[PDB]
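# Chains, contacts and geometry: an overview
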Amino acid sequence: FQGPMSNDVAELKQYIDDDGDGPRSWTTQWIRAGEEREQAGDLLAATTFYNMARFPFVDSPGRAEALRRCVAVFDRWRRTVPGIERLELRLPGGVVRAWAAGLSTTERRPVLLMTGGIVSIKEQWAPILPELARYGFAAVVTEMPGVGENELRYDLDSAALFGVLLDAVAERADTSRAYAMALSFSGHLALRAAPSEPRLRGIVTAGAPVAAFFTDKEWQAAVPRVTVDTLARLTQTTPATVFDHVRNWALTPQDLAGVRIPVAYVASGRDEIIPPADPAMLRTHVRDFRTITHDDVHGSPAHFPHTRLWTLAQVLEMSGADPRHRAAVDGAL
């Protein structure tokens, strides 16, 4: 099967009549909205709108166009912002692009590695790079295998990605002290990497899958089609085979006992994608574990203010940030 997904539209909107390619389609409408903001010179709003157009993943000429326009308008915006730099890693399995700020040969700054989940492109987070650098980090924002411009296959070796980002900035940052802000599925990758990657000194995630996601068949049967189809695209499998494909990706009690760094996790109480057994499992087995649960649906979209502040507070603590910066965030939190 090669064509477009024809995503269920109720469900794209939860995150325009249809998911086709006509004048009332999802992609066309988001592109037109994007084009209007771009013409008014509001490049960050255009970035968001082209981003939405390509959501959940590029499966058509129109989504491929939208992704390119997103990257381009963002590139144009960041060109006004001293400090934001593009990194391109040409790798065995394909090319990976990243945006970074706070890099330096004279000061060795701790690394903040940032990634989202399986629908989040790096342009969603890149606009905050200057503010993350302002907290003293070398901040590097990328995206998962198969997402956006990241050309790799999401497979059993994908956890290596963090180390490969650190390799690329080892001359320009204190890469012995890295903190992964790895949201959703990328949080599973961080936790899988951590026991064999001593450069990772802490993890901050939200909604990361752990074990039950990969092994609980009744739960899998009720997961939204958009999540399943995306996973199948990123892994380069199909919907019928994808869960079988990821069955042995579960983190075991020993995997989790092997994570010897602080781990912070924002759980969504009524999460549809991640089973409640997965954060329960982390609470049982991760030694240094910090967590909060919002009584909300997947992504806790009604508590973004709180989540952005809590996660921030957590990474500043883990990296020993300036106490003045910690106390201002603590007050806001």
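Residues numbered from 1 in each chain as written, not as in the entry; some residues may be left out. Heavy atoms only, no water. Residues with missing side-chain atoms left out of burial classes, pairs and counts.

Per the deposited record, determination of this structure is attributed to X-ray crystallography, with the resolution reported as 2.00 Å.

## Some points on the overall build of the protein chain
Within the protein chain, the regular secondary structure consists of 15 helices and eight strands. Taking 333 residues into account, the globule formula puts the C-alpha radius of gyration at 20 Å, and the protein chain, at 19 Å, falls close to it. Overall, the protein chain is about 55 × 50 × 45 Å in size when its C-alpha atoms are taken along their principal axes. (Helix = DSSP H or I, 4+ residues; strand = E, 2+ residues; numbered from the N terminus. Rg over C-alpha atoms; globule rule 2.2 N^0.38 Å.)

## So, helix 2 (residues 26–39)
Counted at 1.5 Å a residue, the expected span for helix 2 with its 14 residues is 20 Å, and the 20 Å between its end C-alpha atoms agrees. Looking one or two places after helix 2, you find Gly 41, whose phi comes out positive at around 75°. (Expected span 1.5 Å × (residues − 1).)

## So, the pairing of strand 5 (residues 174–182)
Counting buried residues in strand 5 gives seven out of nine residues, a clear majority hidden from the surface. In terms of strand pairing, strand 3 (residues 110–115) meets strand 5 through six bridges, oriented parallel. Following the sheet pairing, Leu 113 is matched in strand 5 by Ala 180. Two strands pair when backbone bridges link them, and strand 5 and strand 6 (residues 200–206) are joined in this way by four bridges, in the parallel orientation. Its bridge partner lying in strand 6, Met 181 is registered against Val 204. Traced from strand 5 through helix 7 (residues 185–193) to strand 6, the parallel crossover comes out right-handed. (Buried < 20%, exposed > 50% of the residue type's maximum accessible area, 1.4 Å probe, protein only. Pairing = 2+ DSSP bridges. Right-handed = clockwise from strand over helix to strand, strands pointing away.)

## Concerning the sheet that holds strand 6
The eight strands lie next to each other as 1-2-4-3-5-6-7-8, forming an open sheet whose pairing is mixed. Here the strands that pair on one side only, and so sit at the sheet edges, are strand 1 (85–91) and strand 8 (289–297). Pairwise comparison of adjacent strand axes, ignoring direction, gives a mean angle of 20° for this sheet. Each of strand 3, strand 5, strand 6 and strand 7 (263–270) is contacted by helix 7, which is oriented at about 155° to strand 6, the strand it contacts most. Helix 14 (residues 304–318) contacts strand 3, strand 5, strand 6, strand 7 and strand 8 of the sheet and is inclined by roughly 175° relative to strand 8. (Axes fitted to C-alpha atoms, helices over the stretch in contact; angles between N-to-C directions. Contact = heavy atoms within 4.5 Å.)

## Quick word on the packing of aromatic side chains
Two numbers describe a pair of aromatic rings. These are the distance of the centres and the angle of the planes. In total, this model carries twelve aromatic pairs according to the counting rule given. Ring centres of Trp 26 and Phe 55 lie 6.2 Å apart, and the angle between their planes is 40°; on these two criteria the pair is classed as tilted. Remark: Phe 55 occurs in the loop between helix 3 (43–54) and helix 4 (61–78) and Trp 26 occurs in helix 2; sequence separation between them is 29 residues. For the pair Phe 74 and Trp 77, a centre-to-centre distance of 5.4 Å together with 45° between the ring planes defines the contact as tilted. Of this pair, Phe 74 and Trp 77 both sit in helix 4, three residues apart, which is roughly one turn of that helix. On the basis of relative accessibility, which here comes to 0%, the residue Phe 74 falls in the buried class. Every member of this aromatic cluster is reached through a ring pair, and the members are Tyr 154, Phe 185, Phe 213, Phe 214, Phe 243 and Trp 249. (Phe/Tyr/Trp six-rings, centres within 6.5 Å; stacked < 30°, edge-to-face > 60°.)

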